[PDB]
Amino acid sequence: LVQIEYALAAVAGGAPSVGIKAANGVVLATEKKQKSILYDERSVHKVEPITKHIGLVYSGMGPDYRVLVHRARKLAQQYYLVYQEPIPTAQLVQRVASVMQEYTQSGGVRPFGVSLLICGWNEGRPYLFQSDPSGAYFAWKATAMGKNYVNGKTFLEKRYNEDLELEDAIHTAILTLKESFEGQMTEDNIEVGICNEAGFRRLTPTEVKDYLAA
Amino acid sequence: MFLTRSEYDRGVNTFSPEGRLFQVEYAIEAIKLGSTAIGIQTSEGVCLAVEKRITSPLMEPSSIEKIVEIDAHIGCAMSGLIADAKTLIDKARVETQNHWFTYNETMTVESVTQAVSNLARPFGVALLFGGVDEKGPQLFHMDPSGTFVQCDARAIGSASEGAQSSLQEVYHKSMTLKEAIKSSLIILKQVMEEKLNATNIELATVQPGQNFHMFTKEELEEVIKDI
Amino acid sequence: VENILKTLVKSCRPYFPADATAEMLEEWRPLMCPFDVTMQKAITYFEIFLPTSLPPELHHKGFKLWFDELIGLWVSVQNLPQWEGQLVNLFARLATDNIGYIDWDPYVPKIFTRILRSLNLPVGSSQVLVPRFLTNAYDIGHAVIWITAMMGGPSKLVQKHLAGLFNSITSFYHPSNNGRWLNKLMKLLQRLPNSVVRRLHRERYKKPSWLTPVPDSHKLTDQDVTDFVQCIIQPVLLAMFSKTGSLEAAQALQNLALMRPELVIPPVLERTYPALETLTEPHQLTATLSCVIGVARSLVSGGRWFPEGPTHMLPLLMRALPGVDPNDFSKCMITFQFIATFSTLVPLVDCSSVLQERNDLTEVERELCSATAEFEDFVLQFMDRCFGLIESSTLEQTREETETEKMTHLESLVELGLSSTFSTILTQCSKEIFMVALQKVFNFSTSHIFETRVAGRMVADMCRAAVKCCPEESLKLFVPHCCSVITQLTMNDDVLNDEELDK
Amino acid sequence: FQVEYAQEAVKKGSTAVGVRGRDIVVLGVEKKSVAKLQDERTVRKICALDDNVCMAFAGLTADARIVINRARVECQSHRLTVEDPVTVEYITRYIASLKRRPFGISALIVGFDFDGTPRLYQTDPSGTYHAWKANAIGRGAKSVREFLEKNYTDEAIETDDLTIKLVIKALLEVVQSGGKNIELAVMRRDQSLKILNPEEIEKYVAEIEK
Amino acid sequence: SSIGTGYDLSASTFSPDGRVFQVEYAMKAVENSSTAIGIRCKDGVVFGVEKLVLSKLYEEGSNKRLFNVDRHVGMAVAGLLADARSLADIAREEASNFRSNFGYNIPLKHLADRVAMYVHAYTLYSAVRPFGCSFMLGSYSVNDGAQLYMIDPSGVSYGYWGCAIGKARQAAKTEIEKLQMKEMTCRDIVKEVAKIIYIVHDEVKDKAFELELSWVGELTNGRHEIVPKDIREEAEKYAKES
Amino acid sequence: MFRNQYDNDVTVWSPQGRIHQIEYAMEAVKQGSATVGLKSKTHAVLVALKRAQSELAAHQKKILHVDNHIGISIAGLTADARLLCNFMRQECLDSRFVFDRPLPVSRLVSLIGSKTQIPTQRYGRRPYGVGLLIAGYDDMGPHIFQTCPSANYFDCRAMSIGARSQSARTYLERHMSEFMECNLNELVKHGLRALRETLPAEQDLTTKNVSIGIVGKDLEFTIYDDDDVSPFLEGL
Amino acid sequence: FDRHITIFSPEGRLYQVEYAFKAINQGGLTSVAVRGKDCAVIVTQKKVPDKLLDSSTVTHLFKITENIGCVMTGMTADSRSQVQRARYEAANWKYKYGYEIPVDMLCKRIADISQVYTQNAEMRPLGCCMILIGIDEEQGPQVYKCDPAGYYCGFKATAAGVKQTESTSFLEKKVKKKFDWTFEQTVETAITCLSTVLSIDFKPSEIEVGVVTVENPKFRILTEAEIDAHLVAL
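Residues numbered from 1 in each chain as written, not as in the entry; some residues may be left out. Chains lettered and ligands numbered in written order. Part of a larger assembly, values for the part shown. Heavy atoms only, no water. Residues with missing side-chain atoms left out of burial classes, pairs and counts.

The deposited coordinates for this entry were obtained by cryo-EM, with a reported resolution of 3.0 Å.

Rendered as structure tokens:
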């Protein structure tokens, strides 16, 4: 439990990510800054799809996320080959958090320095979970990770009200990243993904600029 | 009296700079601790005697037998723990039956002692293989380094070096079996200061004409009353 | 409340009236039945309240009312009660004040046999049906006070009981034979040279007062402190290389070096020169350098007994330069501690204009001045070794999401360890050697561009030391350089509003 | 080193006494108090291994339940290959060889060995095992064994008088007034293993008090 | 000086300035062994090894420091000889599995990468140590011409015109640079390869030594052979006169 | 006192470029009693000096059969000598099964040094603490190969290893020019004289503690027992 | 013991991964890559440390596929090992999927190999970084880079090695004023970048240049006299 407490230090040093479960949707907003203008902003993506209806964002270490985004895609298709239905979001997080627990358990392998925010949509009801490096996972209404997440969760608790729609949740998610941004967010500096009845999709950067006009 | 360690004492697969393996010797030095066993090779057989160390009178003596039967022509005596050597008696018993099954022979005493020593963490027991083969009666010592050797007489156990110095004085190469049964029980009365009876010794001889024979409570009484 | 009241009575005890200790031996002397719990009631009162620091015209109203009544109790117990540990805290305080008025000779074999027994040494190859009554034992820090107050007698009887003590336990100080006993046993070496020196300060350099001095018959002679070092020098050199560290040995070796430097410094530096160039058994360089730092005051000061000290000053100082390596940080801290504790004793000045015809130089002192040609070669090779210590310790930005902005605790020490150990060289330094070393700082820190997090605080601190030593000659070239390039690189374009400045 | 940590729970576990007779063999253990609200069914320490063999234990109740359900397979895997029931020495040698670290229990394996011979063994946690006429394992085992050394010879005339004036009288040396603090077991030659109910356990103590 | 931290106990551990010491310690066994040189000419590749003899009881031919790893490639090793015989047996199995799969003699640019990635692979794990042997490989063919590669214990493999490995590798290279070998023939450099060995041999410290020579080139149809007793004796006479 | 850090495992290079654990295993061949091997372009001879645990005991199997044309001689751990001897016997049987010819003595020793080098490079295992003198007879003549715990091997005109063999290597280096023209009975005397200089002045080469191993041209390998060495020790 | 393997610091750092970036600076060299509107160029230092080197065998540019080029900066033996996985994983993509691997998916393949070195303690990270350049079928030229950490980002221009930070500030400044490039005069941007920060620019046979273009997608290393044309015009 020493490395697990230290992997959470690698999460809380990571970039901020905010997830808010609305009435009819879930929003996953995060920070994608580049150190220089030399970095192609659209080359790699932080908000990332799993199924047609599940996407997940992270806070923590970049390359450790891709191991979990490659296993979560396998575990979603190993469900779909067997049951021929899109995987429940509750059942996906149980399998991803079992993978993250599996590296804390075995020796000679460090844990993942990644917390996940896992949106989804099943049976007409939205879902937003968070899987920790310990293998623990919790269902949330709204949460945040990354740098200044203690300030983020107190900011969300004042501006959450469960009657809000999905378009109202994209504003209160960018307003949560606004508090701990330290700059001027363009369409490229953030990445937003929304999950509704139509499925999961990460927003194209021209779609985000309409939300940045608020 | 005092503890004088060196820095090359706590590594198993590690040579000391003089070329020694001190995590092998300190295990082997920690094995001369159990009841003393003495075996004597004669030209008419081979005796095997051992101390017993029974605590309570309710304990039956016939079930801590530290002398066993390998095959009908080979006996064996232990020192260490009775359970530490149970995996060496099992191979010695099976290999004599693998040799019988394959070759229709009795396996020689050297080859049982060689096949047992091929298993070598070192062992926690040293053994005395007493048996009658085509070379006559023989006795083989089986030190816990897996090193085996032919012996005319060899004491193992706690007071072995000290009974071995008594075996050198009393042995000769024209010695009868009825002497060596009595000559070893003289030495078991030396290496433990108790009086002998049927509860503190066990004795077993392997003659050429007879099989392996553990002495009974009448045959143990008829020897102790002589000495 | 328990320790304030004891240290208050201890501060009020030498002012109790002279008729008020038999008054004090009348109240709890009826509590001394050795069967109830009410005896350690009395024995703790005896350790706290009984006046022992009485002037010598009052010993009949002093310990002589109770000494033979209570040392005769102490020698007759042979269990180890909870109140026996109080009497060794009483008899030590009786001994250290009334030196020369007790005759400890009828009781000294019984005292050392229980100080040895309180070490609880495993002896016999089974060695124990371990008595669990020995949880209570003797605080040897109170015993060190109690041995030290016995040594100055004319019949040197307590001295050979120290030589009988250490030579019986030399095999336990050996660094292969460590165990449970070593925590009391390193603590014994830390305190006996610390206490013999304080007794020597009590009888050679302390000004007189109303506290009674030691008599001239009971005073440590030059033979008595030579024979003390020679029976403790072999256990302190084996403690130098222990697995538990070298802190207790170097504090012992410092205080032994105040007394007999010609007997304690050559056995250490015979083990120091093979430790600075070995490439094998690296533990010595952590431990030998730790022991020269306590030696360092007695080493650079050539006395009337050990004048060859500062001949070993500069070769140990030059061979420690590979110790500043960006790979160990335990060597690098004890190297920065090593050179800063030498370069606050010796000025780093060339001596060649004094190397002409001058009759002031002795045989040893002329050997020092010719070796001062390597003082500039020390300071400039200290910088070329510290520049590689900095430029190989710059902060790597591995993770593309975050920015590590904190200098860590292990790296913040290396800033302050180089802020200490370089500002002490460069202050203790001639102006001819300063200004040829100022340019080595300026031609480094302005031709490079460092990350302002780890190497930014660490280069500029090395320049901060170059300015605090001669602010005229240093600020003639830094602040004209930096201000002419900030105004070049800020106000030229519109870099007032920005997101990231130029590095 | 590691076997010494096994024995420290034998010296604190509840007592287990066994004697061996001409016709019957008897185990008896000290039924401890459980709690006020604990159903005391699952804490019985006399377990049957096969139809002709049973054992007591003393030590860790976790590692015992491993030893019992491994010895209950070797009692049945013997019958597949041999068709004969276990000798009491076979399952004792199996338990002792079963005891990385040894399982921290000491047992009193009793029974009969297909020729009607009565048997009584003991697996000390070192891996050693040997025969016994009467024995004791547990918290007051040294004094109970000293009591059983005093009384063995002319007690086996009647199998009732053998096995109360020894066994309950050896528990009464260490355990309470009895009746609700003695779990007693008895098996005849090839009949069954019967644990005496406390309506009959208090019956035999009344003959001992007289 | 020394370091007491464990940044040099494994080759799976970087130093805090970015060095792998167990590799850099492995090329001290190479930097302490006797000198082996190899010079490439316009028509082939000549090796030459200062082979120290350690006892007069050893037969002439013991400790063969010039291996044959294929019928067209040679090998001149330095450093810890027991590790060199294991990298000879790997270079033979790599050259053997190439012909078993591709059906022709293995190129020397590709043989000295299969071997160099075997040497590199032991410089990564905490379970194995790096090899204590640098070595050379030289071949000749109609297709590739003459080629000479060297492999370090780190696993880097470059191609050379002349090479030196051993404790006098610095003094040998400055003699090989005196040569202008791109125009000289293969027999004329066996005179010169044996000349450089007798120069760089410190006869004060090292007691006595044999000289091993082996070419590979167009004068033996592109196979690697030990220089015969006549041509090695002449080159040992032209050197010892020089 | 001097706690070396670079000799825990065999996989740790020291900064001198010198594995201590291999050099410590080479000192384990100085722990066994001395053995001498030598060849004559006829018969190759191993001569060995044996030790006993006590009186009333046999001494040791010091010379071991490998094949009909190869014999070895132990110096060092017999636990590692028995482990190498079963490797050398089976390798000789595999060549005898496949090619139906004696395995060349130069080629088996190459198979040992490939096996011996593996524990000197991988973690956990220790080097083979035994040094062998291997007497052989191939188509190219006789052979006195020497193996070491450091896995290189040495073809020898003559070699003595073991304790006090430096006084025997001094003997063999003085008379090695005469060895190639000896007879069988003359060569073994040179082996017994070389073994003699490993003894104190108060010890003798008895027939009870001398073992002789001989392979040659038409002679298969045969060891000589406690009484069969008497025709070799008598003429001395 | 958290500095001798790849486990976390109490601050949440991997020290061996940070020490592995310092292993890139031990090579003493520096590589610069830059992307054009229709081209992609890589430029290295080619140091010939011995006069007896066959200089044809000293290089850091490698063909990965027929139209994906590479440049390795760092430990040379680790560099040839990470080429060999890129050689393998790019030809294994063509066999499993029937089309040429993108430079997108080859960096993500190589960086996912490199992450495993940063999580298992039984192996060290490779102390070298890869910069892959190549032409996509639908996105144009691509210049990507892997690191010893496992990051696979996409670049307009990048750098590696001893002068990595100094070359970045030269490439940032040109990428802000204009579109950072146009066609194959983009070669002139990179050669000035490696010559400004290293302050030598001595000879035109001391660098190595490789290009991919839209009109010719295959990776072709420019010759000495072909690279003297850009340097005589520089």
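Concerning the overall build of chain C
Per the secondary structure count, chain C includes 24 helices and zero strands. Here the C-alpha atoms of chain C give a radius of gyration of 30 Å, more than 25% beyond the 23 Å that 2.2 N^0.38 yields for 503 residues. Taking the intrachain contacts of chain C between residues at least 6 apart in sequence as the baseline, contacts between residues at least 24 apart amount to 77%. (Helix = DSSP H or I, 4+ residues; strand = E, 2+ residues; numbered from the N terminus. Rg over C-alpha atoms; globule rule 2.2 N^0.38 Å. Contact = heavy atoms within 4.5 Å.)

Section: the interface of chain F and chain E
Contact with chain F, which involves 32 residues of that partner, is made by 31 residues of chain E. For the side of chain F that touches chain E, the secondary-structure elements that each account for two or more residues are β7 (153-154), β8 (158-161) and α4 (166-174) of chain F. Looking at which element gives the most residues to the side of chain F that touches chain E, the answer is α4 of chain F, with three residues. For the side of chain F that touches chain E, the class distribution of residues is 16 nonpolar, ten polar and six charged. (Nonpolar A, V, L, I, M, F, W, Y, C, P; charged D, E, K, R; others polar.)

Considerations on the interface of chain F and chain C
Taken together, the contact between chain F and chain C spans eight residues of the former and twelve residues of the latter. Tallied by class, residues from the side of chain F that touches chain C come to four nonpolar, three polar and one charged.

Points about the sheet that holds strand β10 (residues 199-202) of chain A
Residue and element names in this part refer to chain A. Pairing is antiparallel in the open sheet, where five strands are placed in the order β8-β1-β2-β9-β10. Looking along the sheet, the strands with just one partner apiece sit at the ends: β8 (142-145) and β10. In this sheet, neighbouring strand axes are inclined to one another by 10 degrees on average, regardless of whether the strands run parallel or antiparallel. In this structure, strand β1 (residues 17-21) lies alongside strand β2 (residues 26-31), joined through five bridges in antiparallel fashion. What sits directly across from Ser17, in β2, is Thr30. Contacting β1 and β8, helix α4 (residues 150-158) crosses the sheet at an angle of about 160 degrees to β8. Lying over the sheet, helix α5 (residues 166-178) contacts β1, β2 and β9 (190-196), oriented at roughly 20 degrees with respect to β2. (Pairing = 2+ DSSP bridges. Axes fitted to C-alpha atoms, helices over the stretch in contact; angles between N-to-C directions.)

As for the side chain of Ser31 of chain G
All names here are of chain G. Along the chain, the position of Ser31 falls in strand β1 (residues 30-35). At a separation of 2.9 Å, a polar atom in the side chain of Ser31 contacts the side chain of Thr73. With sequence-adjacent residues up to four places away left out, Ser31 is seen in contact with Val43, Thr44, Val71, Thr73, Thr158, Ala159 and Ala160. (Polar contact = N/O pair within 3.5 Å; in protein donor to acceptor, adjacent residues only side chain to side chain.)

A closer look at unusual backbone geometry
Even without being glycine, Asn104 of chain B reaches a positive phi, approximately 55 degrees. Within the secondary structure, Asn104 of chain B is located in the loop between α2 (86-103) and α3 (109-117). Unusually for a residue other than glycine, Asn120 of chain C sits at a positive phi of about 60 degrees. On the secondary structure map, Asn120 of chain C appears in the loop between α5 (108-117) and α6 (140-148).

A few points about the packing of helix α4 (residues 164-177) of chain G against helix α5 (residues 187-198) of chain G
All names here are of chain G. Direction vectors running N to C along α4 and α5 enclose 140 degrees, while the axes themselves pass 9 Å from each other. Between α4 and α5, the interaxial angle falls into the category oblique. Our pair here, α4 against α5, has a crossing hand that is right-handed. In this structure, α4 contributes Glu166, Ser167, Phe170, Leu171 and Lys174 to the contact, and α5 contributes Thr189, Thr192, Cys193, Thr196 and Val197. Each residue belonging to the contact of α4 with α5 can be placed in one class, and the counts come to four nonpolar, four polar and two charged. (Parallel < 35°, antiparallel > 145°, perpendicular 65-115°, else oblique. Left-handed = near helix turned anticlockwise from the far one by under 90°.)

Describing the pattern of salt bridges
For the salt bridge of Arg73 of chain A with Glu48 of chain A, the shortest nitrogen-to-oxygen distance reads 3.0 Å. On the criterion of sequence distance, the pair formed by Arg73 of chain A in helix α2 (residues 62-83) and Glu48 of chain A in strand β3 (residues 48-49) is long-range, its members being 25 residues apart. Here the salt bridges do not stand alone but share partners, grouping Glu110 and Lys135 of chain B together with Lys61 of chain F into one network. (Salt bridge = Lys/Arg side-chain N within 4 Å of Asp/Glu carboxyl O.)

Side note on the arrangement of the chains
Across the gap from chain A to chain B, with no contact made, the nearest C-alpha atoms are 23 Å apart. Of all C-alpha pairs spanning chain D and chain G, none lies closer than 26 Å, and the two are not in contact.

Here we look at the environment of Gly100 of chain C
Here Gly100 of chain C lies in the loop between α4 (84-97) and α5. Taking C-alpha positions, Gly100 of chain C is 8.4 Å from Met150 of chain C, a pair spaced 50 residues apart along the chain.

Observations concerning the packing of α4 of chain A against α5 of chain A
Residues and elements named next belong to chain A. Where α4 meets α5, the closest approach of the two axes is 10 Å, and the angle between their N-to-C directions is 145 degrees. The two elements α4 and α5 cross, and the hand of that crossing is right-handed. Contacts between α4 and α5 involve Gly152, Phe155 and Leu156 from the former and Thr172, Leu175 and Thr176 from the latter. Here the residues of the contact of α4 with α5 sort into three nonpolar, three polar and no charged.

Regarding the sheet that holds strand β7 (residues 154-155) of chain G
Pairing between the strands of a sheet is mediated by backbone hydrogen bonds and can be parallel or antiparallel. Residue and element names in this part refer to chain G. Sheet architecture is open: five strands sit in the order β3-β4-β5-β6-β7, paired in antiparallel fashion. The open sheet has two free edges, formed respectively by β3 (61-65) and β7, since each of these has just one partner strand. Inspection of the sheet shows strand β5 (residues 128-135) paired to strand β6 (residues 141-146) by six bridges, in the antiparallel sense. Bridge pairing in β6 links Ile131 to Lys145.

What to know about the side chain of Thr36 of chain B
All names here are of chain B. Tracing the sequence through the fold places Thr36 in the loop between α1 (22-29) and β1 (37-42). A polar contact is formed between the side chain of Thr36 and the backbone nitrogen of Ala159, at a distance of 3.5 Å. Setting aside its immediate chain neighbours within four residues, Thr36 contacts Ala49, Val50, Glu51, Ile156, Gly157, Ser158, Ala159 and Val191.

Focus: α2 of chain A
Between its terminal C-alpha atoms α2 of chain A stretches 32 Å, which fits the 32 Å expected from 22 residues at 1.5 Å a residue. In the segment just after α2 of chain A, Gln84 of chain A is the residue with positive phi, at about 60 degrees. (Expected span 1.5 Å × (residues − 1).)

Digging into the packing of aromatic side chains
Note on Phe172 of chain C and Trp181 of chain C: the rings are 5.3 Å apart at their centroids and 75 degrees apart in plane angle, and the pair reads as edge-to-face. Ring geometry for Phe21 of chain E against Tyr25 of chain E: centres 5.7 Å apart, planes inclined by 20 degrees, an arrangement best described as stacked. Within this pair, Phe21 of chain E and its partner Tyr25 of chain E are both found in helix α1 (residues 21-29), separated by four residues, close to a single helical turn. Grouping aromatic residues by their ring pairs yields a cluster made of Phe63, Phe67, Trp74, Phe91, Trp104, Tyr107, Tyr138 and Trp146 of chain C. (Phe/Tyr/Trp six-rings, centres within 6.5 Å; stacked < 30°, edge-to-face > 60°.)

Some thoughts on the pairing of β1 of chain G
Residue and element names in this part refer to chain G. Pairing between β1 and strand β8 (residues 157-161): five bridges, direction antiparallel. By the bridge assignment for β8, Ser31 is matched with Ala160. Note: β1 against strand β2 (residues 39-45), five bridges, orientation antiparallel. Considered in β2, the bridge of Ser31 is made with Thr44. Once β1 ends, the chain turns through three residues before running back antiparallel as β2.

Re the environment of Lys62 of chain F
All names here are of chain F. With respect to the helices and strands, the residue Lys62 is situated in the loop between β2 (44-49) and β3 (63-65). It is 14 Å that separates the C-alpha atoms of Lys62 and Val45, two residues lying 17 residues apart in sequence. Among all residues touching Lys62, those that are not within four sequence positions of it are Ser33, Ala34, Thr35, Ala48, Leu49, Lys50, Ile72, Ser73 and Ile74. A distance of 2.4 Å separates the side chain of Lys62 from the side chain of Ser33, its partner in a polar contact. Polar side-chain contacts of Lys62 include one of 2.7 Å to the backbone oxygen of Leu49.

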